[PDB]
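Okay, so here's just one chain, in structure tokens, the form deposited in one PDB entry.
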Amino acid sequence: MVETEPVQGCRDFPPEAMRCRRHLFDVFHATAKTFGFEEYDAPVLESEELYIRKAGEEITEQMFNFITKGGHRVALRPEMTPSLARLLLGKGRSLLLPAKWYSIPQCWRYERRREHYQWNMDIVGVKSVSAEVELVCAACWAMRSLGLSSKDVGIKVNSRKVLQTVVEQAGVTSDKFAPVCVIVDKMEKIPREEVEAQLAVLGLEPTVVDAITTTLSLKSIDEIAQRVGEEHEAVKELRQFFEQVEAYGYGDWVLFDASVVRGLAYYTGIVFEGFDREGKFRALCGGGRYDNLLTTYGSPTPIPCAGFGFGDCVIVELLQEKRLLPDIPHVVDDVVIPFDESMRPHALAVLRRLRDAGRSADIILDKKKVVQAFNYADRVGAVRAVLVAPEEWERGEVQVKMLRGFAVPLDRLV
């Protein structure tokens, strides 16, 4: 006997599990379409150089990389955003903006799960917070579509610009900002002593660290306004953002949280993450504005961007807890049953007709008695059994039985 288990930290999807995954992806696709996003894809295998950002980020640290036989430094993508950027740069001026692109890539890591699917939604070429508004509303829409309400989940929202200023006022070179965010993102995962220590090695004195901590604890936008001024870009932008989400009708889903910075180096403005309101699960989704990324890759002109990722594992756990993932059995409209093998040719012609009309239909493939054929029909969740028997056939008819009997002319089947 061979190894029946999948490779370590990778999931199989037999039909039952695949139906659950399809249920979820159908929502991702349908939400994208509802919101006017266009699908794209790129190779799971990308060049390693694409993820070397040197900011101590977790997803680049835990990158499932290797070397080809020809010596090229490649990686299974740990995220999609750099791929998106590559594609955008490749198009250059031929790309019409604004663009709204989405995908559902499998993404990888190595250290626990080594593999997940991550819905990515990104808006390209929009300077204003309307992009972040749309993105956050998309994420809410998807969760709404899976049966969740604003009682079950929320989206925490912040801007890194508040922190950008505090760092800049202390005198720390702007090069240190991305590392600072990556470290401060660790506040829940490790103790405050551990994070204070990490910022010390980065090269910031205790007074600068104190100001950082203080602003993360600020509980409202007014309290930000007091600290940095009402004219501060972050204040106007966050206000516009909440005003717009409120107007769209998702005010109950969103709130301000000054502790949210995200772990990625490249976010420059508004950032956000989804969470369950019971405090039981890790983040459901996460994203933000990243206006300089394409400039760092060498775009001759700055290109504003914003987007998010929405994983496939935490959401499912939440949905299972809330009892929103009942098994959906397999279904098919018709099961065609030859009375015996001599009727098979006739049964095949019926099967053809049924399928031609857009119905999903099986035919009993092996030899079996009608009662067993009917049992099989019930097992595959057939709505209807179509028995093709000799007496009825000579009258131009079949015998039909609803699952969930009597003669019917062949033309009236469809």
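We call the rigid core the largest set of C-alpha positions that still match within 1.5 Å between the two forms. Heads up: residue numbers just count along the shown sequence, starting at 1.
I want to verify a possible break: how many residues of the deposited sequence sit between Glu111 and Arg112 without any coordinates (none, 1 to 3, 4 to 9, 10 or more)?
Gap between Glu111 and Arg112: 4 to 9 residues without coordinates.
With respect to the deposited sequence, how many residues separating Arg404 from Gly405 are not represented by coordinates: none, 1 to 3, 4 to 9, or 10 or more?
According to the record, 10 or more deposited residues lack coordinates from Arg404 to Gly405.
On average, which has the higher Cα B-factor in the deposited entry, 317-325 or 113-121?
The recorded data point to 317-325.
Higher mean Cα B-factor in the deposited model: 344-352 or 51-59?
Of 51-59 and 344-352, the stretch with the higher C-alpha B-factor average is 51-59.
For the C-alpha B-factor as written in the entry, point me to the maximum among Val167, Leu264, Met143, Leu87.
Within the set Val167, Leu264, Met143, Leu87, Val167 shows the top C-alpha B-factor.
Highest Cα B-factor in the PDB entry belongs to which of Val228, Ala306, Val133, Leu76?
Within the set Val228, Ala306, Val133, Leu76, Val228 shows the top C-alpha B-factor.
Going by the CA temperature factor in the PDB record, which third of the chain does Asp210 belong to: lowest, middle or highest?
As the PDB entry reports it, the C-alpha B-factor of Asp210 lands in the highest third of its chain.
Is the Cα B-factor recorded for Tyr40 in the lowest, middle or highest third of its chain?
According to the entry, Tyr40 has a C-alpha B-factor in the chain's lowest third.
Consider only the C-alpha atoms of the modelled residues in this chain, order them by B-factor as the entry records it, and name the third containing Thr295: lowest, middle or highest.
It falls in the middle third of the chain.
Sort the modelled residues of this chain by their C-alpha B factor and say whether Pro15 lands in the lowest, middle or highest third.
For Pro15, the deposited C-alpha B-factor lands in the lowest third.
Taking only the Cα B-factors deposited for this chain, tell me whether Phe177 sits in the lowest, middle or highest third.
According to the entry, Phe177 has a C-alpha B-factor in the chain's highest third.
Beyond the structure shown, there is the form deposited in another entry, which is absent from this document and is the topic of what follows.
When the rigid core of both forms is overlaid, which of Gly71, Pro206, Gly90, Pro300 is the one whose C-alpha moves 2 angstroms or more between this form and the one not shown?
Result of the superposition: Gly71 is the only one at 2 Å or more.
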